[PDB]
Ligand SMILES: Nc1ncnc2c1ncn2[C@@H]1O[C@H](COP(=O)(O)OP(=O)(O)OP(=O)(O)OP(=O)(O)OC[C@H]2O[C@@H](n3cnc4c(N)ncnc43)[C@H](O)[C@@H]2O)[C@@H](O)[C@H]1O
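Shown here is one chain on its own, the form solved without this ligand, set out as structure tokens.
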């Protein structure tokens, strides 16, 4: 679902190193990692951005985080990690399809950008 790149990855038109997939989301590695381990977890349902997510979208949004921490553990991120969700211009949302990033493998700093 979607007119973005994520649309293409979800419809399997273009490869992605999939880490996990199920009926509701997809987790794969980011091709421009900002850290040793850097993947995204995306809902298969198209939600352009968190600012427009519906109340009925909370279980789906919570699933994205649950999946992210499971993936983070399988990837051996036993020292910690950071999850980020960007919204619009100020947040730096590049692709307008909701996506959670998980970064780890290195010490993350403060502020988070």
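Positions refer to the first chain, counted from 1.
The form deposited with this ligand bound is left out here; the points below concern that form.
*Asks:* Quick check: superpose the C-alphas round the site, drop in this ligand from its position in the entry with it bound, and tell me whether this chain leaves it open or blocked (blocked if 3+ atoms sit within 2.4 Å of backbone or C-beta).
*Replies:* The site is blocked here, because this ligand, transferred from its pose in the entry with it bound, has 3 or more atoms within 2.4 Å of backbone or C-beta atoms.
*Asks:* Every residue in 9, 28 and 92 with a non-hydrogen atom within 4.5 Å of this ligand in the entry with it bound?
*Replies:* All three within 4.5 Å in the entry with it bound.
*Asks:* Does this ligand come within 4.5 Å of any heavy atom of residue 40 in the entry with it bound?
*Replies:* Yes - in the entry with it bound, heavy atoms of residue 40 and this ligand come within 4.5 Å of each other.
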